Every structure is written in structure tokens, then in C-alpha cells.
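Any value given below was found using the heavy atoms of this structure, including those in side chains, with hydrogens, waters and symmetry copies removed. Numbering starts at 1 and runs along the sequence shown.
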Amino acid sequence: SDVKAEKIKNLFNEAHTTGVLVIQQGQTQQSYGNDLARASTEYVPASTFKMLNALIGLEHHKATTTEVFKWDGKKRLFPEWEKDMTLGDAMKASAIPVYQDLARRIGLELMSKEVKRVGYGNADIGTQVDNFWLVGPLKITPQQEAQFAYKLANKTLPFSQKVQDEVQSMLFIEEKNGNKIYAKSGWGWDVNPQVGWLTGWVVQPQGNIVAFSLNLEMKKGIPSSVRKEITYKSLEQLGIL
Ligand SMILES: [Zn+2]
Ligand SMILES: [Zn+2]
């Protein structure tokens, strides 16, 4: 379409930034928005990497889904992060320090192997095991993020079925009208320009999977809620939701 493609483009224009939305069904992708070249541009994944971090940590028994990651008492970026919490709690809160502890439990050698085995973005994690998804060198395109989400949704990533199911549960947002929505946001504010993400999928009522990845530039004055709003509005305009 042109008319729904034009309304999605204008959703991004009305937000006064550039962005793309990649949709995947089966093995075919379509892009929408006001800067389609973002779809094949690499950006740091920021907190969307927690999806893969959690898969790796659970697969290799560096954590359990019930384990509590203790706050060590040091000041964290947000007061909401200064709590003991599970990987699932930390996923919903995008609690970076919890997943940095997880990354250190995994360690550089195992982390690098699993990122390359999965084939995630440029698959380069460098030498610093607890920030490579925030400041580089790891980068991924929106097309690759939507492909990653599709495989996680279909449990075809190279991990056990049980671990993929557990990370799916950490990503569940809501079910409406039989549509199950899963998503993880991301905000890379330590790079310039700043990247904003919302990656996930919709399980349509018959079990059919529609994966997505929104990627835009986070400029000052642009509220964080823009990512979910444009995603949901676009999915409605495409009849996915
Ligand atoms: Zn305006
Ligand atoms: Zn292992």
C-alpha cells in the first residue's frame, strides 16, 4: 500500500524525527516510515540486546528465571533500579546494571561465541563484556532486529525451546482481541546521534507471527513514549493489530 505507507511516514514526520518500521512475515520484509534507508543501517542495539543476553545467560545456567540479582548499594541511573530484581523484572525496567552483571557471569569468551553463533548484527563485541551493546562495537540493522525477533517468536534460534519460551515470557506486553504483543524497547543515549528502538512481534489470533522493529533518532524534546505510540499506531494502520 501507499495510503497506509503514507500515514506511517507521516507518523514519523509528526514526531519530528526520522525513523523506519520493519515488518516481517514468513521470510519477507517490508519497510515503512520517512527514512527507509535506516532499515539497512547499523546502530548500537542498546537495551534490545537484553533479549539475546537473557537467552545466553539462561541457556548456560548463569541465571535462572527466578533468581534475584541483588542491588549492591551503589547509586544507579534511576531510583527504580535500586532494588533486587529478576531478569524478567530487569527486562521490563530496562535495568542495565542487572544485565551488565549477567554479561559478566557469561564472560567475554562465551558471550562472543554465542553472539557469533546466532549471527547477531555485526557480531563484534570487542573486549569490554559489560557495555559493548551500549557504546559499540556491536551494531545491528532494523532488518536484522526484525529477523531476530521473528526467529525468537518461532523458537528457531539456536537455543533450547525452554529458554526461548522463558525469554518470550519476559517480553510479553499484553493480549488484546486475541493478538499477543511482545516487545523490548531500546535507547542508545551514549552514542551520537541517539538511537531509539522498539523490537518485538505480534502473535495473531491463529498463531501467525508478525515481527517488527521500529528504529528512529532520539532527538531532544522527543519523549520516550514516541516509540510505542508510532509502533502501535502503525500496526493498527496495517491491520496487524
Ligand atoms: Zn509538530
Ligand atoms: Zn554452557
Side-chain angles (χ1 to χ4, degrees), residues 1-52 118-124 133 136 138-154 156-157 171 173 179-189 191-204 207-219 222-241:
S1 163
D2 278 331
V3 181
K4 59 187 165 120
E6 193 68 22
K7 308 223 216 167
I8 295 162
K9 174 191 205 167
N10 281 322
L11 288 176
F12 285 99
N13 288 327
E14 277 165 22
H16 300 293
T17 185
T18 52
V20 74
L21 173 68
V22 179
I23 307 282
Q24 178 165 340
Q25 301 189 64
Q27 296 305 118
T28 71
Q29 291 188 339
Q30 39 269 26
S31 293
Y32 308 84
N34 65 358
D35 190 355
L36 303 179
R38 299 184 64 96
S40 54
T41 308
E42 292 189 324
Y43 305 92
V44 300
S47 290
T48 67
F49 182 71
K50 286 189 176 64
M51 295 185 273
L52 181 48
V118 158
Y120 185 91
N122 63 9
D124 181 16
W133 65 94
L138 184 62
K139 294 197 181 189
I140 188 167
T141 78
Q143 290 173 334
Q144 293 167 321
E145 287 249 347
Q147 180 186 45
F148 176 81
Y150 190 83
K151 292 185 280 165
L152 175 53
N154 283 285
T156 62
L157 294 171
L171 298 171
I173 306 303
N179 296 287
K180 298 206 252 193
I181 303 168
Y182 302 76
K184 179 78 195 75
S185 74
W187 189 349
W189 59 69
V191 295
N192 183 47
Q194 294 176 20
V195 60
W197 289 102
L198 187 64
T199 296
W201 67 95
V202 170
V203 188
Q204 289 187 310
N208 170 72
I209 289 165
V210 187
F212 61 83
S213 180
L214 175 137
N215 173 288
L216 50 70
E217 186 172 321
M218 295 293 299
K219 312 173 175 186
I222 286 161
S224 77
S225 53
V226 64
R227 290 162 300 170
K228 170 154 188 266
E229 297 183 275
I230 298 182
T231 296
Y232 274 45
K233 285 174 179 166
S234 310
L235 295 177
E236 282 166 25
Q237 274 273 57
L238 299 164
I240 300 166
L241 284 182

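Each of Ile209, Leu235, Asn208 was scored for a side-chain contact (heavy atoms from CB on, under 4.5 Å) with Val202, with one residue passing: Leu235.
With hydrogens and angles disregarded, a donor-acceptor distance shorter than 3.5 Å links the side chain of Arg227 to the backbone of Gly186. No side-chain donor-acceptor contact under 3.5 Å links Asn34 to the backbone of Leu11.
In this structure, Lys184 and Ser47 have side chains that are in contact, with non-hydrogen atoms separated by less than 4.5 Å. Contact annotation: the side chain of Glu6 approaches that of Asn10 to within less than 4.5 Å [non-hydrogen atoms, C-beta and beyond]. Annotation: side chain of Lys228 is not in contact with side chain of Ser185 (no heavy-atom distance under 4.5 Å). Residues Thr199 and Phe148 have side chains not in contact (no heavy-atom distance under 4.5 Å, counting atoms from C-beta outward). Between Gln204 and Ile240 there is a side-chain heavy-atom pair separated by less than 4.5 Å.
If you take CD on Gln147 and OG1 on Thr141, they are separated by 8.5 Å, rounding to the nearest 0.5 Å. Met218 contributes atom CE, which lies 6.0 Å from atom OG of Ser224 (distance to the nearest 0.5 angstrom). To the nearest 0.5 Å, atoms NZ (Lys9) and CG (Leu36) are separated by 8.0 Å. Put simply, CD on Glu145 and CG on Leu198 are 10.0 Å apart, with the number rounded to the nearest 0.5 Å.
Take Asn122 and apply the side chain to side chain contact (heavy atoms under 4.5 Å, CB included) test, not counting sequence neighbours, and it matches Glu42, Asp124, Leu138, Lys139. Scored by the ring pair (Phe, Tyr, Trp, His ring centres under 6.0 Å) test, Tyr182 finds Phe172, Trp201 as partners (sequence neighbours excluded). By the side chain to side chain contact (heavy atoms under 4.5 Å, CB included) test, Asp35 is found to be paired with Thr18, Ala37, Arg38, residues two or more places apart in sequence or in another chain being considered.
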- Run the side-chain contact (heavy atoms from CB on, under 4.5 Å) check on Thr17 and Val226 step by step: do they pass? CA-CA 10 Å; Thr17 185; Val226 64; 5.5 Å; no
- Query: Given the rule in the side-chain contact (heavy atoms from CB on, under 4.5 Å) test, do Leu238 and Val210 qualify, once you have shown the distances and angles that lead to the verdict?
  - Reply: CA-CA 11 Å; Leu238 299 164; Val210 187; over 6 Å; no
Sequence neighbours excluded and cut-off under 3.5 Å, please list the side-chain donor-acceptor pairs for residues 20-31, or say none.
from  : atom 1 : to     : atom 2 : distance (Å)
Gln24 : OE1    : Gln29  : NE2    : 2.8
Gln24 : NE2    : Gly26  : O      : 3.0
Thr28 : OG1    : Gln25  : O      : 3.1
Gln29 : NE2    : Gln143 : O      : 3.0

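Smallest separation of non-hydrogen atoms from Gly200 and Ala149: O-CB, 3.5 Å. Of all heavy-atom pairs between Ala15 and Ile230, the closest is CB-CD1, 4.0 Å. Across all non-hydrogen atoms, the minimal contact from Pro142 to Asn215 is CG-CB, 3.5 Å. A pairwise comparison of heavy atoms in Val44 and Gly136 identifies CG1-N, 3.8 Å as the closest pair.
The environment of NZ in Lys151 is crowded: more than 12 heavy-atom neighbours from other residues, nucleotides or ligands sit within 6.0 Å.
Among pairs with a residue in residues 21-52, those fulfilling ring-ring contact (aromatic ring centres under 6.0 Å, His included) read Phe49-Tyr120, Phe49-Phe132, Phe49-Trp133, at least two apart in sequence or across chains. Among pairs with a residue in residues 230-241, those fulfilling side-chain hydrogen bond (donor to acceptor under 3.5 Å, both in side chains) read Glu174-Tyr232, at least two apart in sequence or across chains.
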